[PDB]
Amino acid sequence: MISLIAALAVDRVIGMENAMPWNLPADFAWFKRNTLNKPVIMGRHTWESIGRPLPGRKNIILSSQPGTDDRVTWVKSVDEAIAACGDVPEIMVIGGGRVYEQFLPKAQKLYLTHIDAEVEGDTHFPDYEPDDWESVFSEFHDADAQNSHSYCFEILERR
């Protein structure tokens, strides 16, 4: 199955590394737990933002152009990206917006972190039919000495 994992600021705004200001080690732990030993698919801009492969995961990068880094696997279409994951229980799609838009209709699960942070940005997580999705887990945390903002983890499954 295909899953999307994303961090959503106020108004479901999404973005890249330098554009997302919070410091949420708890969310990084959540992301790691939920993606480790699974293939991760990302767009080229997300790849450039991260700057180095995510360890212990197959990193698959979408780009219309030839690859430019042998440390990751490069593909030129959504269907090629999925095929490059092989036969695994769960494929993790880690954005960005253009990639989320394409994979959402194919996805069975969403892993969302709803962060109580107001950020500059025009880009939002794709609109999806709320009635298409059942919330199966959520867990709220206030900010603390390590985490700059309050945040809520949520898993939704397609119903």
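When you see a residue number, it is the position in the sequence shown, counting from 1.
Checklist entry - Which is higher in the entry, the mean Cα B factor of 5-13 or that of 18-26? => result Per the PDB record, 18-26.
Checklist entry - Taking only the CA atoms, which stretch has the higher mean B-factor in the record, 115-123 or 62-70? => result Averaging CA B-factors over each stretch, the winner is 115-123.
Checklist entry - Which one of 101, 131, 90, 48 shows the biggest C-alpha B-factor in the PDB entry? => result Result of the comparison over 101, 131, 90, 48: 131.
Checklist entry - Thinking about Cα B factors across the chain, which third does residue 39 belong to? => result According to the entry, residue 39 has a C-alpha B-factor in the chain's middle third.
Checklist entry - Lowest, middle or highest third of the chain for the C-alpha temperature factor of residue 55? => result As the PDB entry reports it, the C-alpha B-factor of residue 55 lands in the middle third of its chain.
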